[PDB]
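Throughout, numbering of the chain's residues begins at 1 and tracks the sequence.
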Amino acid sequence: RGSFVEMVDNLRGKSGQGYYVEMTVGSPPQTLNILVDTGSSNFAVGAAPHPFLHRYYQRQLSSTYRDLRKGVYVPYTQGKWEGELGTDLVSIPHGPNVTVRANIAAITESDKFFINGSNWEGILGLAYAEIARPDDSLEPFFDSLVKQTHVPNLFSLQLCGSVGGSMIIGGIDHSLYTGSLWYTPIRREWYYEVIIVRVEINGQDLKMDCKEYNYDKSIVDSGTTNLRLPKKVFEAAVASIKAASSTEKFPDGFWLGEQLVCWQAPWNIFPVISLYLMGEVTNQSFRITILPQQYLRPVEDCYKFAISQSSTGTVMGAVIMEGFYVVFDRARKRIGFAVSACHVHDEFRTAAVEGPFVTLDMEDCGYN
Ligand SMILES: C[C@]1(c2cc(NC(=O)c3ccc(C#N)cn3)ccc2F)N=C(N)O[C@H](C(F)(F)F)[C@@H]1F
Ligand code: NA
Ligand code: NA
């Protein structure tokens with residue numbers, strides 16, 4: 001409760017490749033770097049010598065592996081993986097001092113899944129059983145951790161935008177954030193779905209039916225880079241950001257993430273984005289505010305516009321999370337946000353989490 005020195009700084013990454021944590025699977029333990037992903041629910045690890053991989057799970061070396069004699073096939077818009085289901089013993093060396101028997105999908109075939117040049121070999125899906133594959137009977141890693149140990153049912157993430165950060169399993173570390181935590185209800189335990197109730201660009205409202213913000217869902221997802229916005233909201237958001245900054249002109253492809261843009265060694269024209277999220281109390285909300293620093297990503301002085309359009313709803317990816325300490329408070333069905341002690345900023349403006357605000361009709365903002 002409160003202080004977890006052994007877990008601080010337990011994430012690494014490369015800009016553009018996500019954040020991963022060291023884990024061990026089997027007996028004797030096999031060390032693997034595993035992508036932290038709050039927008040999926042399978043613990044899926046490379047188990048065959050794909051050329052992009054530094055290492056992979058060799059089930060044959062493990063005395064504690066149990067075969068579930070069941071295959072899984074998992075396609076996405078981009079690519080897919082297939083593998084074999086089983087269970088084995090898992091630890092997190094820079095996490096709690098416990099070992100749990102967990103489901104593992106040993107990935108035996110993949111396309112456009114693994115990143116060439118990255119340092120991770122699997123994915124730790126931290127969301128709920130409802131979106132596990134093949135079906136909701138394949139219990140996720142975190143539910144196994146909680147069922148088999150005294151670890152409380154919550155974890156928190158500080159993603160520092162090369163990259164690093166902290167995954168605190170079982171608690172909150174107060175050194176990772178400043179000011180207060182504000183909480184939004186997890187609307188349904190599948191993804192970490194939340195409800196956005198207002199959006200402002202430099203404190204001007206987009207003024208849309210708030211149902212549009214959440215069409216068909218909004219989620220918090222450390223396994224995606226961009227702030228992704230429903231097409232209609234995305235149209236409104238860039239129209240308003242373009243206008244906000246038109247002191248400078250940029251090729252239009254830029255706004256679609258189709259070309260990059262460059263300077264040397266300009267931020268103050270770019271506006272802040274405020275998302276107000278449904279609060280814990282009736283008619284109460286709070287707001288989180290991000291900086292151009294989060295939505296303009298460095299590529300290597302050339303940046304990518306990292307807000308993009310979506311047909312799967314809003315996705316608050318690593319772009320949003322890197323401003324904030326984010327507490328995934330599963331025991332109470334709520335996600336807390338606070339200003340991260342490590343967020344990328346400047347002398348003028350800071351990322352911010354403020355409340356309470358009075359917002360009426362917040363349940364209308366949910367899509368059904
Ligand atoms: C399972 C999945 C996934 C994520 C990544 N993520 C990354 O490669 C990555 C790269 C950079 C950053 C950062 N910052 C974070 N993540 C790669 C493959 C993959 F299948 N997880 C999520 N949430 O969304 C992906 C989707 F549903 F979109 F397909 C997909 F489900
Ligand atoms: Na328990
Ligand atoms: Na603090």
Under 3.5 Å, is there a donor-acceptor pair between the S62 and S27 side chains? no
In a table with atom names and distances, give each donor-acceptor pair under 3.5 Å that connects a side chain of residues 247-268 to protein atoms at least two apart or in another chain.
unit_1: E248; atom_1: OE1; unit_2: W263; atom_2: NE1; d: 3.2
unit_1: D252; atom_1: OD1; unit_2: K242; atom_2: NZ; d: 2.9

Tell me if the centroids of the rings in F114 and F52 come within less than 6.0 Å of each other. no
Check whether the ring centres of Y183 and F286 lie less than 6.0 Å apart, and answer yes or no. no
Check the pair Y325, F337 against ring-ring contact (aromatic ring centres under 6.0 Å, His included), reporting the backbone distance first and the verdict last. CA-CA 6 Å; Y325 184 49; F337 289 85; over 10 Å; no
Side-chain donor or acceptor of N202 paired with backbone N/O of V272 under 3.5 Å: yes
Quick check on the hydrophobic clustering: are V315 and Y191 connected, directly or via other members, by side-chain heavy-atom contacts under 4.5 Å? yes
Check whether the ring centres of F328 and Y192 lie less than 6.0 Å apart, and answer yes or no. yes
Check: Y128 and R330 side chains under 4.5 Å, non-hydrogen atoms: yes
Does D209 reach the main-chain N or O of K211 with its side chain, forming a donor-acceptor pair under 3.5 Å? yes
So, does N33 use its side chain to make a donor-acceptor pair with the main chain of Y20 at under 3.5 Å? no
Excluding sequence neighbours, so at least two apart, what forms ring pair (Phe, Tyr, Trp, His ring centres under 6.0 Å) with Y213? none
For residues 230-239, tabulate all N or O donor-acceptor pairs below 3.5 Å that involve a side-chain atom, not counting sequence neighbours.
unit_1: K231; atom_1: NZ; unit_2: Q309; atom_2: OE1; d: 3.4

side-chain hydrogen bond (donor to acceptor under 3.5 Å, both in side chains) partner of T64, the single match among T99, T87, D88: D88
